[PDB]
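Some notes on the structure that comes next.
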Amino acid sequence: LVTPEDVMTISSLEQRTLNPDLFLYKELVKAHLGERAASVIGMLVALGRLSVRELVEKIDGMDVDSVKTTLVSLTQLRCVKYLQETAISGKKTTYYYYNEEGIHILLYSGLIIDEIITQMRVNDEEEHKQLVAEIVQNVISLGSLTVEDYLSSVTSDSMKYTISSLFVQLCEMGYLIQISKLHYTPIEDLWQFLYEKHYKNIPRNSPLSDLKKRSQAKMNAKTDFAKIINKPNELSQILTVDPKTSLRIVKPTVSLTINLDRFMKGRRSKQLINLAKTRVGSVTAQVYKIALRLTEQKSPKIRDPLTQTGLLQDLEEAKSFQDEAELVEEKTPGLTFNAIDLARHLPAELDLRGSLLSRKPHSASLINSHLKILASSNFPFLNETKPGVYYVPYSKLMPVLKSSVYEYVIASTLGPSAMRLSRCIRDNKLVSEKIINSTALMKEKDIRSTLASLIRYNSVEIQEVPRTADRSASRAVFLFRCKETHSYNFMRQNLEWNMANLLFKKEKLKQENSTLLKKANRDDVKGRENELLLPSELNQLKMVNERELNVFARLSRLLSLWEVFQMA
Amino acid sequence: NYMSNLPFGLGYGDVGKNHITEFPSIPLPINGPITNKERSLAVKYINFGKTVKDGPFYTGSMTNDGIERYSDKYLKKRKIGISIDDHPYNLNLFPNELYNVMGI
Amino acid sequence: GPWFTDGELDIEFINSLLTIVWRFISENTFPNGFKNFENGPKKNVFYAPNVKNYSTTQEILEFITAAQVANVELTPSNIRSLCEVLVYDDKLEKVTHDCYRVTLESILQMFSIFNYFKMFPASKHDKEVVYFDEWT
């Protein structure tokens, strides 16, 4: 037997109580910044919006100075937001928030650098790879940067063009935007500010009714919100300027940051390619690989247009968001494309020659065949506006991507019988056990065992039906549902918790084994630790580094797993 | 007698002993061997998380004796420090309250 | 349910129909039966969107009657019930008006959560291995 004392050390029952959001954010900021940043971030996440005096009163550290330093560091890493508001009765009190998108840069850093390296297509030139890697690394590690700072951070009398021509190339592909106050401002607070000043300048006792006034304010603030949101995302005027006898060079004064939205869209493109590779041929998916990369730059925003976070959803009129999503995703002129466009950007390696059998040189008639294959597939990979016109229906492809990833996680963890039963109950509606036996053809004992193993997660819901006034469990007949929202909700929290657990374990290992990293720093760890003898020390270093690499690999796989559930 | 009840699929031998493993048993397919791509990704992840910690924005900390001899003299200083004041800050991005701690 | 055994399923016989019904559809919906997916991933060759490559319920019924592994009578409702039972598990991607194809089960028989078939396990007594029931 294992005693309860041994349980608290080996098993992670101590960490099974911590909240997944607080655990993961706190671990990330503790890994990358430290204990004060973790304290402030934990307090913000646990309590919400706070002021500096409230932070001092809450955290044991009563040194305002320490709080101010922690807040400036957290703002430079844009892990926090601020809202400086003024009370009508007197003075003004600022307030602070925790930035979900700021921490996710630390959570995604290696993947971000990977994407920026691979998309510049600098695999030809070695120095280009090092240059873009250094640019993106320094930007992420510094929070925000300027071209002047980067150019003065290099030896003079050199070819500044070589280190600046790709910078504009970075800015032109959407992997770099300028930073403004909207990034540090809460979206719902901005929507509250914009909804007023349109419900206030209304004439007194106007002929328009109160409902009409509120609707008028809504659709007159939506336009301003859209303008302010779209301004920093896509306005290339900074890179459009051009000093005389020079190339296209960005404005020195503007300060640049990473554009998380573009990276998220790239991740969605990757997920779509990987899911497409499982329903058609590699040749067909090879074209899909370049079709998605062409529309990626102009693709719609992924997590939200920022308008669901901005307000109450509606009385019943999220249809006014669904319809606009369809309208954009189709009527975008860049998004619409034909079989002619795909010819030019087609890979040189691809042949397309014998991939097709009709009746059972990069020709445009070959592409149309595979695009018709994509449209014919059960998954709406592509849809046609007019014969010869093509577009990707995100509004209908994201639910199927989510459901497929979910059911395959179920298959890989629980039984294939569990996957079959989950799909059976989902396809059906409110199916009873006798009918489950009828349309699933599996023994009732096994069906019950798998159903129980499935209810431990939010995957199968029970719908009771009572036959007596007192809802006895003997006289009631029990049904089943699936409730896709609950199931996706549980799945993302589980993966978030497990990422938090892995990062915590890595930090614990480094804590225990820093006694060798001290000597490593003493003796120039890279390549020389063999010369310091201590073969036990070298072996311990080896296995701890192996554990670190494995931790990072499993973390990246967990990231790919929870990405689709993080979508909406 | 509270021991008379018994389900059909259960015998007296199976019941009467509460045993919940409390240790996990259903793994995830993400813990297989490593790949070269994931290896290089881990390397860059290691370079990150390290560069920032050795950088200026740390805020991490939450025999320096008083006796003076020649050992303290000409002693190699361990590090050249950095402060919040050094890094160039764009003043618009920061609220007015925090200007005091940064070097104006 | 003429396939009942003492009023219960047998699964073994039900699986016997399933292992053969699936094989024909793959022969039907691919240019070279199963041999197409044996030469190589890049030597793969697939149908053209215009040509019909699916199969109907009556064709499956007559094929399973000619093979006669069923040993009893099978109504079209019976063959449809079996097809619906196996239409889950991604088996037999349904096509319009009682038609079916096979898409990934080729690789199923032969990191992405999809191709987890080729995922070696932990096979160690080490830590950091991530489980699915650990948190709850």
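In the structure tokens, chains take the letters A, B, ... in the order shown, each chain's residues start at 1, and ligands count up from 1 in the order shown.
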Margin query: What's around stretch 102-112 of chain C at 10 Å? Count only C-alpha atoms, leave out sequence neighbours fewer than 5 positions away in its own chain, and write the answer as a PyMOL selection string.
Written below: (chain A and resi 271+274-275+277-281+377+405+408+553-554+556-558+560-561) or (chain B and resi 29-30+32+35+38) or (chain C and resi 22-23+25-30+34+37-38+54+89-94+117-119)
Kindly save the residues from that selection, with N, CA and C atoms included, as a short mmCIF file (atom, residue, chain, number, x, y, z; two decimals), in the first residue's frame.
data_model
loop_
_atom_site.label_atom_id
_atom_site.label_comp_id
_atom_site.auth_asym_id
_atom_site.auth_seq_id
_atom_site.Cartn_x
_atom_site.Cartn_y
_atom_site.Cartn_z
N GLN A 271 -3.90 23.65 -39.14
CA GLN A 271 -4.87 22.65 -38.70
C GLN A 271 -5.75 22.19 -39.85
N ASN A 274 -3.77 19.79 -42.06
CA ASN A 274 -3.56 18.50 -41.43
C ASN A 274 -4.85 17.68 -41.35
N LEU A 275 -6.00 18.34 -41.19
CA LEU A 275 -7.27 17.63 -41.22
C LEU A 275 -7.67 17.23 -42.64
N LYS A 277 -5.58 16.34 -44.97
CA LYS A 277 -4.73 15.23 -45.36
C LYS A 277 -5.34 13.88 -45.00
N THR A 278 -6.47 13.89 -44.29
CA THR A 278 -7.11 12.67 -43.82
C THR A 278 -8.41 12.36 -44.55
N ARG A 279 -8.71 13.05 -45.65
CA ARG A 279 -9.90 12.73 -46.42
C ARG A 279 -9.68 12.70 -47.92
N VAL A 280 -8.53 13.14 -48.42
CA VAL A 280 -8.22 13.17 -49.84
C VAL A 280 -6.76 12.78 -50.02
N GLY A 281 -6.31 12.78 -51.27
CA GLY A 281 -4.94 12.40 -51.56
C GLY A 281 -3.94 13.47 -51.20
N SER A 377 -15.79 16.71 -51.35
CA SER A 377 -15.55 16.03 -50.08
C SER A 377 -16.64 16.37 -49.07
N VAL A 405 -11.51 16.75 -34.38
CA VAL A 405 -10.40 16.68 -33.43
C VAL A 405 -10.88 16.13 -32.10
N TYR A 408 -11.46 12.37 -32.32
CA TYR A 408 -10.22 11.61 -32.42
C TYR A 408 -9.42 11.63 -31.13
N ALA A 553 8.61 19.27 -26.16
CA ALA A 553 7.94 18.58 -27.26
C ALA A 553 6.49 18.24 -26.90
N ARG A 554 6.28 17.67 -25.71
CA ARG A 554 4.92 17.37 -25.28
C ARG A 554 4.10 18.64 -25.14
N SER A 556 4.41 21.38 -27.01
CA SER A 556 4.01 21.81 -28.35
C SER A 556 2.87 20.95 -28.88
N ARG A 557 2.93 19.64 -28.63
CA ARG A 557 1.84 18.77 -29.05
C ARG A 557 0.54 19.12 -28.33
N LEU A 558 0.62 19.43 -27.04
CA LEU A 558 -0.57 19.87 -26.32
C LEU A 558 -1.10 21.19 -26.87
N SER A 560 -0.92 22.19 -30.07
CA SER A 560 -1.66 21.82 -31.26
C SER A 560 -2.99 21.17 -30.91
N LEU A 561 -3.04 20.46 -29.78
CA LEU A 561 -4.28 19.80 -29.38
C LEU A 561 -5.33 20.80 -28.92
N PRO B 29 -1.48 10.33 -26.55
CA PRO B 29 -0.53 9.92 -27.60
C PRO B 29 0.59 10.91 -27.82
N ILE B 30 0.65 12.01 -27.07
CA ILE B 30 1.66 13.04 -27.31
C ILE B 30 2.98 12.75 -26.64
N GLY B 32 5.14 10.16 -27.17
CA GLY B 32 5.95 9.21 -27.88
C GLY B 32 7.40 9.65 -27.93
N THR B 35 11.04 14.03 -32.34
CA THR B 35 11.29 14.26 -33.76
C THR B 35 12.33 15.36 -33.87
N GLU B 38 10.76 18.87 -33.61
CA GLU B 38 10.44 19.19 -32.23
C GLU B 38 11.70 19.40 -31.40
N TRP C 22 -16.69 -3.76 -45.79
CA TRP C 22 -15.77 -2.64 -45.93
C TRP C 22 -14.78 -2.86 -47.07
N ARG C 23 -14.33 -4.10 -47.26
CA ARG C 23 -13.30 -4.37 -48.26
C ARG C 23 -13.79 -4.08 -49.67
N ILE C 25 -16.15 -1.95 -50.69
CA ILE C 25 -16.34 -0.53 -50.95
C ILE C 25 -15.01 0.13 -51.28
N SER C 26 -13.94 -0.28 -50.60
CA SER C 26 -12.61 0.24 -50.92
C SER C 26 -12.16 -0.20 -52.30
N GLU C 27 -12.47 -1.44 -52.68
CA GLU C 27 -12.23 -1.86 -54.06
C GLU C 27 -13.06 -1.05 -55.03
N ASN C 28 -14.27 -0.66 -54.61
CA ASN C 28 -15.17 0.07 -55.49
C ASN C 28 -14.74 1.52 -55.66
N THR C 29 -14.26 2.15 -54.60
CA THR C 29 -14.02 3.59 -54.60
C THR C 29 -12.56 3.96 -54.88
N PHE C 30 -11.73 2.99 -55.26
CA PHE C 30 -10.33 3.27 -55.54
C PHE C 30 -9.90 2.62 -56.85
N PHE C 34 -7.16 -2.34 -53.28
CA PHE C 34 -6.27 -1.97 -52.19
C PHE C 34 -4.83 -1.81 -52.63
N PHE C 37 -2.73 1.71 -52.69
CA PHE C 37 -2.06 2.30 -51.54
C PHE C 37 -0.85 1.49 -51.09
N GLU C 38 -0.31 0.63 -51.95
CA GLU C 38 0.83 -0.20 -51.59
C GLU C 38 2.12 0.22 -52.30
N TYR C 54 -18.89 5.59 -55.94
CA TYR C 54 -19.57 5.14 -54.70
C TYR C 54 -20.25 3.79 -54.92
N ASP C 89 -17.53 5.71 -36.70
CA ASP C 89 -16.10 5.37 -36.74
C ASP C 89 -15.46 5.79 -38.06
N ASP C 90 -16.03 6.81 -38.70
CA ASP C 90 -15.56 7.32 -39.98
C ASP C 90 -15.67 6.27 -41.09
N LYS C 91 -16.21 5.10 -40.77
CA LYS C 91 -16.40 4.07 -41.79
C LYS C 91 -17.50 4.49 -42.75
N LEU C 92 -17.23 4.37 -44.05
CA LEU C 92 -18.23 4.61 -45.08
C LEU C 92 -18.77 6.04 -45.01
N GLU C 93 -17.90 6.98 -45.36
CA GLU C 93 -18.32 8.35 -45.62
C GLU C 93 -19.56 8.35 -46.50
N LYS C 94 -20.66 8.84 -45.96
CA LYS C 94 -21.92 8.77 -46.68
C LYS C 94 -21.92 9.73 -47.86
N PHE C 117 -2.21 6.33 -35.09
CA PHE C 117 -1.97 4.87 -35.23
C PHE C 117 -0.46 4.62 -35.14
N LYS C 118 0.33 5.47 -35.79
CA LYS C 118 1.81 5.31 -35.78
C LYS C 118 2.41 6.10 -34.62
N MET C 119 1.79 6.02 -33.44
CA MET C 119 2.33 6.71 -32.24
C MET C 119 2.84 5.68 -31.24
#
Write out as a tab-separated table the residues of chain C that have any atom within 7 Å of an atom of chain B, one row each with the nearest atom pair and its distance in Å to one decimal, counting only C-alpha atoms, sorted by chain and then rising number.
residue	atom	partner	partner_atom	distance
C:116	CA	B:29	CA	6.7
C:119	CA	B:32	CA	6.2
C:120	CA	B:32	CA	5.3
C:121	CA	B:32	CA	5.2
C:122	CA	B:32	CA	5.7
C:129	CA	B:31	CA	5.9
C:130	CA	B:28	CA	5.8
C:131	CA	B:27	CA	3.8
C:132	CA	B:27	CA	5.6
C:133	CA	B:24	CA	5.9
C:134	CA	B:24	CA	5.0
Dump as a CSV table (one decimal), in the first residue's frame, selection limited to C-alpha atoms:
chain,number,residue,atom,x,y,z
C,116,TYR,CA,-2.1,8.5,-33.9
C,119,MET,CA,2.3,6.7,-32.2
C,120,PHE,CA,4.7,4.6,-30.1
C,121,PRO,CA,3.8,4.7,-26.4
C,122,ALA,CA,5.7,5.9,-23.3
C,129,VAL,CA,4.0,11.5,-19.3
C,130,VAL,CA,0.7,13.3,-19.8
C,131,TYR,CA,-2.5,11.4,-19.0
C,132,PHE,CA,-6.2,12.1,-19.9
C,133,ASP,CA,-7.7,11.3,-16.5
C,134,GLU,CA,-5.0,12.9,-14.3
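DSSP annotation of chain C from backbone atoms: strand (DSSP E) residues are residues 46, 47, 93, 94, 95, 99, 100 and 101 of chain C.
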Would you mind exporting C-alpha atoms of the selected residues as a PDB file, in the first residue's frame?
ATOM      1  CA  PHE C  46      -7.182   8.661 -57.152  1.00  0.00           C
ATOM      2  CA  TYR C  47     -10.454   8.972 -59.045  1.00  0.00           C
ATOM      3  CA  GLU C  93     -18.320   8.348 -45.619  1.00  0.00           C
ATOM      4  CA  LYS C  94     -21.924   8.767 -46.682  1.00  0.00           C
ATOM      5  CA  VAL C  95     -22.572  10.067 -50.187  1.00  0.00           C
ATOM      6  CA  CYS C  99     -23.927   5.900 -51.318  1.00  0.00           C
ATOM      7  CA  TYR C 100     -20.645   5.389 -49.486  1.00  0.00           C
ATOM      8  CA  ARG C 101     -16.865   5.757 -49.803  1.00  0.00           C
TER       9      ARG C 101
END
Next item on the list: Find the spatial neighbours of stretch 133-148 of chain A, counting only C-alpha atoms, within a cut-off of 8 Å - ignore same-chain residues fewer than 3 positions away - and output them as a PyMOL selection string.
Entry: (chain A and resi 76-78+105+109+113+116-117+129-130+151-152+164+179+250+252-258) or (chain B and resi 48+51-52+55)
So that I have them on file, write out the residues from the current selection with N, CA and C atoms, as a PDB file, in the first residue's frame.
ATOM      1  N   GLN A  76       5.624  46.354 -20.326  1.00  0.00           N
ATOM      2  CA  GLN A  76       6.550  46.238 -21.443  1.00  0.00           C
ATOM      3  C   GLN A  76       6.397  44.895 -22.132  1.00  0.00           C
ATOM      4  N   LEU A  77       6.148  43.839 -21.360  1.00  0.00           N
ATOM      5  CA  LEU A  77       5.817  42.558 -21.968  1.00  0.00           C
ATOM      6  C   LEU A  77       4.351  42.468 -22.371  1.00  0.00           C
ATOM      7  N   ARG A  78       3.607  43.563 -22.217  1.00  0.00           N
ATOM      8  CA  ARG A  78       2.165  43.653 -22.467  1.00  0.00           C
ATOM      9  C   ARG A  78       1.415  42.406 -22.011  1.00  0.00           C
ATOM     10  N   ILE A 105       1.865  34.927 -25.863  1.00  0.00           N
ATOM     11  CA  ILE A 105       3.110  35.042 -26.614  1.00  0.00           C
ATOM     12  C   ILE A 105       4.219  34.251 -25.933  1.00  0.00           C
ATOM     13  N   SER A 109       5.989  31.096 -27.865  1.00  0.00           N
ATOM     14  CA  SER A 109       7.154  31.793 -28.408  1.00  0.00           C
ATOM     15  C   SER A 109       7.894  30.959 -29.450  1.00  0.00           C
ATOM     16  N   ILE A 113       8.452  31.861 -33.472  1.00  0.00           N
ATOM     17  CA  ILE A 113       9.725  31.969 -34.178  1.00  0.00           C
ATOM     18  C   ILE A 113       9.781  30.967 -35.322  1.00  0.00           C
ATOM     19  N   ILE A 116       7.742  32.386 -38.256  1.00  0.00           N
ATOM     20  CA  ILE A 116       8.373  33.510 -38.944  1.00  0.00           C
ATOM     21  C   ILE A 116       9.588  33.047 -39.742  1.00  0.00           C
ATOM     22  N   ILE A 117      10.338  32.069 -39.226  1.00  0.00           N
ATOM     23  CA  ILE A 117      11.467  31.539 -39.989  1.00  0.00           C
ATOM     24  C   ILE A 117      10.976  30.859 -41.261  1.00  0.00           C
ATOM     25  N   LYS A 129      18.232  33.463 -42.456  1.00  0.00           N
ATOM     26  CA  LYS A 129      17.597  32.745 -41.353  1.00  0.00           C
ATOM     27  C   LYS A 129      18.037  33.301 -40.006  1.00  0.00           C
ATOM     28  N   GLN A 130      19.349  33.454 -39.814  1.00  0.00           N
ATOM     29  CA  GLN A 130      19.852  34.005 -38.562  1.00  0.00           C
ATOM     30  C   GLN A 130      19.312  35.408 -38.334  1.00  0.00           C
ATOM     31  N   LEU A 151      18.956  49.115 -35.419  1.00  0.00           N
ATOM     32  CA  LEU A 151      20.092  49.512 -36.242  1.00  0.00           C
ATOM     33  C   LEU A 151      21.239  50.054 -35.397  1.00  0.00           C
ATOM     34  N   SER A 152      20.936  50.720 -34.284  1.00  0.00           N
ATOM     35  CA  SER A 152      21.992  51.141 -33.374  1.00  0.00           C
ATOM     36  C   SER A 152      22.486  50.005 -32.490  1.00  0.00           C
ATOM     37  N   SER A 164      17.613  45.581 -42.666  1.00  0.00           N
ATOM     38  CA  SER A 164      16.441  46.447 -42.638  1.00  0.00           C
ATOM     39  C   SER A 164      15.500  46.147 -43.796  1.00  0.00           C
ATOM     40  N   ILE A 179       2.286  49.387 -32.298  1.00  0.00           N
ATOM     41  CA  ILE A 179       1.569  49.218 -31.039  1.00  0.00           C
ATOM     42  C   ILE A 179       0.932  50.543 -30.650  1.00  0.00           C
ATOM     43  N   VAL A 250      10.454  51.584 -43.428  1.00  0.00           N
ATOM     44  CA  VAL A 250       9.442  51.926 -42.436  1.00  0.00           C
ATOM     45  C   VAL A 250       9.839  53.192 -41.680  1.00  0.00           C
ATOM     46  N   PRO A 252      10.976  55.533 -38.814  1.00  0.00           N
ATOM     47  CA  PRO A 252      11.818  55.254 -37.637  1.00  0.00           C
ATOM     48  C   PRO A 252      11.090  55.355 -36.307  1.00  0.00           C
ATOM     49  N   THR A 253      10.178  56.316 -36.160  1.00  0.00           N
ATOM     50  CA  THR A 253       9.617  56.602 -34.842  1.00  0.00           C
ATOM     51  C   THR A 253       8.664  55.506 -34.379  1.00  0.00           C
ATOM     52  N   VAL A 254       7.945  54.877 -35.309  1.00  0.00           N
ATOM     53  CA  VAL A 254       6.922  53.918 -34.920  1.00  0.00           C
ATOM     54  C   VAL A 254       7.565  52.714 -34.245  1.00  0.00           C
ATOM     55  N   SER A 255       6.902  52.218 -33.205  1.00  0.00           N
ATOM     56  CA  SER A 255       7.371  51.084 -32.422  1.00  0.00           C
ATOM     57  C   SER A 255       6.546  49.861 -32.787  1.00  0.00           C
ATOM     58  N   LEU A 256       7.222  48.748 -33.051  1.00  0.00           N
ATOM     59  CA  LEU A 256       6.590  47.558 -33.598  1.00  0.00           C
ATOM     60  C   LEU A 256       6.464  46.466 -32.544  1.00  0.00           C
ATOM     61  N   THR A 257       5.463  45.609 -32.733  1.00  0.00           N
ATOM     62  CA  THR A 257       5.215  44.459 -31.876  1.00  0.00           C
ATOM     63  C   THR A 257       4.765  43.294 -32.742  1.00  0.00           C
ATOM     64  N   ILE A 258       4.657  42.115 -32.128  1.00  0.00           N
ATOM     65  CA  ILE A 258       4.173  40.956 -32.865  1.00  0.00           C
ATOM     66  C   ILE A 258       2.667  41.068 -33.056  1.00  0.00           C
TER      67      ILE A 258
ATOM     68  N   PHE B  48      14.882  31.077 -25.777  1.00  0.00           N
ATOM     69  CA  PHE B  48      13.854  31.891 -25.151  1.00  0.00           C
ATOM     70  C   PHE B  48      13.632  31.412 -23.719  1.00  0.00           C
ATOM     71  N   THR B  51      16.827  34.040 -22.498  1.00  0.00           N
ATOM     72  CA  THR B  51      17.243  35.383 -22.883  1.00  0.00           C
ATOM     73  C   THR B  51      16.461  36.442 -22.115  1.00  0.00           C
ATOM     74  N   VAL B  52      15.165  36.211 -21.893  1.00  0.00           N
ATOM     75  CA  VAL B  52      14.359  37.186 -21.167  1.00  0.00           C
ATOM     76  C   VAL B  52      14.766  37.237 -19.699  1.00  0.00           C
ATOM     77  N   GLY B  55      17.669  39.099 -19.382  1.00  0.00           N
ATOM     78  CA  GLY B  55      17.427  40.450 -19.826  1.00  0.00           C
ATOM     79  C   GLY B  55      17.118  41.388 -18.678  1.00  0.00           C
TER      80      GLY B  55
END
Check: residue B:87: which residues within 10 Å, counting only C-alpha atoms, same-chain residues fewer than 4 positions away excluded, as JSON, numbers by chain?
Finding: {"A": [142], "B": [56, 57, 82, 83, 102, 103]}
Can you write out the residues you just picked, keeping N, CA and C atoms, as a compact mmCIF listing (two decimals), in the first residue's frame?
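The resulting file, again.txt, is reproduced below:
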# COMPACT_ATOMS: atom_id res chain seq x y z
N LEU A 142 11.91 41.65 -25.92
CA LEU A 142 11.94 43.03 -25.47
C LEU A 142 10.58 43.67 -25.37
N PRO B 56 16.72 42.62 -19.00
CA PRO B 56 16.51 43.61 -17.93
C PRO B 56 15.24 43.39 -17.13
N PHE B 57 14.13 43.09 -17.81
CA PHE B 57 12.83 42.94 -17.15
C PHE B 57 12.81 41.59 -16.44
N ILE B 82 21.97 46.21 -14.50
CA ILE B 82 21.06 46.96 -15.34
C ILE B 82 19.86 47.38 -14.50
N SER B 83 19.16 48.40 -14.98
CA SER B 83 18.02 48.95 -14.27
C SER B 83 16.87 49.18 -15.24
N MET B 102 10.58 54.76 -13.47
CA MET B 102 11.45 54.81 -14.63
C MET B 102 12.27 56.09 -14.60
N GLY B 103 13.49 56.01 -15.12
CA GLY B 103 14.30 57.21 -15.27
C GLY B 103 13.75 58.11 -16.35
Next item on the list: Return the neighbours of chain B among the residues of chain A, cut-off 8 Å, counting only C-alpha atoms, as a PyMOL selection string.
Entry: chain A and resi 11+31-37+65+68-70+72-73+75+82+84+109-111+114+137+141-142+180-181+184+412-414+549-550+552-554+556-558
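For residue A:516, the residues within 10 Å (counting only C-alpha atoms, excluding itself and residues fewer than 5 positions away along the chain) are residues 510, 521, 522, 525, 537, 538, 540 and 541 of chain A.
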Writer output for current selection, N, CA, C and O atoms, as a tab-separated table (two decimals), in the first residue's frame:
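The file below, result_38.tsv, is the result:
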chain	number	residue	atom	x	y	z
A	510	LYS	N	14.41	21.94	-12.68
A	510	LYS	CA	15.49	22.92	-12.73
A	510	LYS	C	15.85	23.41	-11.34
A	510	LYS	O	17.03	23.62	-11.03
A	521	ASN	N	27.78	27.33	-15.62
A	521	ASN	CA	28.06	28.75	-15.84
A	521	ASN	C	29.50	29.08	-15.51
A	521	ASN	O	30.12	29.92	-16.17
A	522	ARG	N	30.06	28.43	-14.48
A	522	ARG	CA	31.46	28.65	-14.14
A	522	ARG	C	32.37	28.26	-15.30
A	522	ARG	O	33.29	29.00	-15.66
A	525	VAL	N	29.46	26.13	-20.10
A	525	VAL	CA	28.71	24.88	-20.28
A	525	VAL	C	28.80	24.33	-21.70
A	525	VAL	O	28.93	23.12	-21.89
A	537	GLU	N	28.25	13.93	-13.01
A	537	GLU	CA	27.67	15.25	-13.26
A	537	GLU	C	27.25	15.39	-14.72
A	537	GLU	O	26.18	15.92	-15.01
A	538	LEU	N	28.09	14.92	-15.64
A	538	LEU	CA	27.73	14.99	-17.06
A	538	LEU	C	26.50	14.14	-17.37
A	538	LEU	O	25.64	14.56	-18.14
A	540	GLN	N	24.08	13.35	-15.27
A	540	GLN	CA	22.93	14.02	-14.68
A	540	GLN	C	22.48	15.19	-15.53
A	540	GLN	O	21.28	15.37	-15.78
A	541	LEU	N	23.44	15.98	-16.02
A	541	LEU	CA	23.12	17.05	-16.95
A	541	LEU	C	22.43	16.50	-18.20
A	541	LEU	O	21.45	17.07	-18.68
Next item on the list: Could you list the residues in chain A lying within 6 Å of chain C, using only C-alpha atoms, and format the result as a ChimeraX atom specification?
Entry: /A:16,278-279,355-359,373,420,439-440
For the selection just defined, write its residues with N, CA, C and O atoms to a file, as an mmCIF file, in the first residue's frame.
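Below is the file that was written, out-v8.cif:
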data_model
loop_
_atom_site.group_PDB
_atom_site.id
_atom_site.type_symbol
_atom_site.label_atom_id
_atom_site.label_comp_id
_atom_site.auth_asym_id
_atom_site.auth_seq_id
_atom_site.Cartn_x
_atom_site.Cartn_y
_atom_site.Cartn_z
ATOM 1 N N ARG A 16 -3.988 19.287 -8.090
ATOM 2 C CA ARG A 16 -5.305 19.039 -8.659
ATOM 3 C C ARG A 16 -6.356 20.019 -8.170
ATOM 4 O O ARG A 16 -7.479 19.996 -8.680
ATOM 5 N N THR A 278 -6.468 13.891 -44.292
ATOM 6 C CA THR A 278 -7.110 12.670 -43.823
ATOM 7 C C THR A 278 -8.412 12.357 -44.550
ATOM 8 O O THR A 278 -9.159 11.481 -44.107
ATOM 9 N N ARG A 279 -8.711 13.050 -45.647
ATOM 10 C CA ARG A 279 -9.905 12.731 -46.422
ATOM 11 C C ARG A 279 -9.680 12.702 -47.925
ATOM 12 O O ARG A 279 -10.580 12.265 -48.647
ATOM 13 N N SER A 355 -1.853 11.870 -61.247
ATOM 14 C CA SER A 355 -2.591 11.812 -59.993
ATOM 15 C C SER A 355 -4.071 11.523 -60.194
ATOM 16 O O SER A 355 -4.757 11.183 -59.224
ATOM 17 N N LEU A 356 -4.580 11.643 -61.416
ATOM 18 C CA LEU A 356 -6.011 11.581 -61.668
ATOM 19 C C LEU A 356 -6.337 10.486 -62.672
ATOM 20 O O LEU A 356 -5.631 10.312 -63.670
ATOM 21 N N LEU A 357 -7.419 9.761 -62.405
ATOM 22 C CA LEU A 357 -7.969 8.777 -63.326
ATOM 23 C C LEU A 357 -9.351 9.249 -63.759
ATOM 24 O O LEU A 357 -10.243 9.409 -62.920
ATOM 25 N N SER A 358 -9.528 9.452 -65.065
ATOM 26 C CA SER A 358 -10.700 10.169 -65.560
ATOM 27 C C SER A 358 -11.968 9.323 -65.490
ATOM 28 O O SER A 358 -12.929 9.685 -64.805
ATOM 29 N N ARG A 359 -11.999 8.203 -66.206
ATOM 30 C CA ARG A 359 -13.185 7.357 -66.292
ATOM 31 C C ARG A 359 -12.868 5.995 -65.695
ATOM 32 O O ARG A 359 -11.920 5.330 -66.127
ATOM 33 N N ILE A 373 -12.690 18.098 -56.405
ATOM 34 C CA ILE A 373 -12.576 17.030 -55.412
ATOM 35 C C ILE A 373 -12.751 17.596 -54.008
ATOM 36 O O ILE A 373 -13.480 17.043 -53.172
ATOM 37 N N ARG A 420 -17.374 5.332 -31.295
ATOM 38 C CA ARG A 420 -18.571 4.937 -32.032
ATOM 39 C C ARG A 420 -19.833 5.330 -31.281
ATOM 40 O O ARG A 420 -20.785 5.836 -31.881
ATOM 41 N N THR A 439 -29.214 0.650 -32.990
ATOM 42 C CA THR A 439 -28.482 1.329 -34.056
ATOM 43 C C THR A 439 -26.981 1.362 -33.829
ATOM 44 O O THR A 439 -26.278 2.091 -34.535
ATOM 45 N N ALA A 440 -26.472 0.625 -32.848
ATOM 46 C CA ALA A 440 -25.036 0.551 -32.629
ATOM 47 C C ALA A 440 -24.484 -0.857 -32.675
ATOM 48 O O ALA A 440 -23.282 -1.013 -32.915
#
Check: Contacts of residue A:436 at 9 Å or less, counting only C-alpha atoms, minus same-chain residues fewer than 3 places along, as a list in words?
Finding: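 The residues satisfying every condition are residues 421, 424, 425, 431, 432, 433, 439, 440, 441, 442, 444 and 447 of chain A.
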Next item on the list: Go ahead and compute the interatomic distance for atom CA of residue A:168 and atom CA of residue A:294, in Å to one decimal.
Entry: 19.4 Å
Notebook entry, point to check: Excluding same-chain residues fewer than 2 positions from stretch 60-73 of chain C, what lies within 10 Å of it counting only C-alpha atoms, as a ChimeraX atom specification?
Noted result: /C:2-3,13-14,16-17,20-21,24-25,55-58,75-76,78-80,83
Next item on the list: Between atom CA of residue A:67 and atom CA of residue A:92, measure the distance and give it in Å to one decimal.
Entry: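 These two atoms are separated by 19.0 Å.
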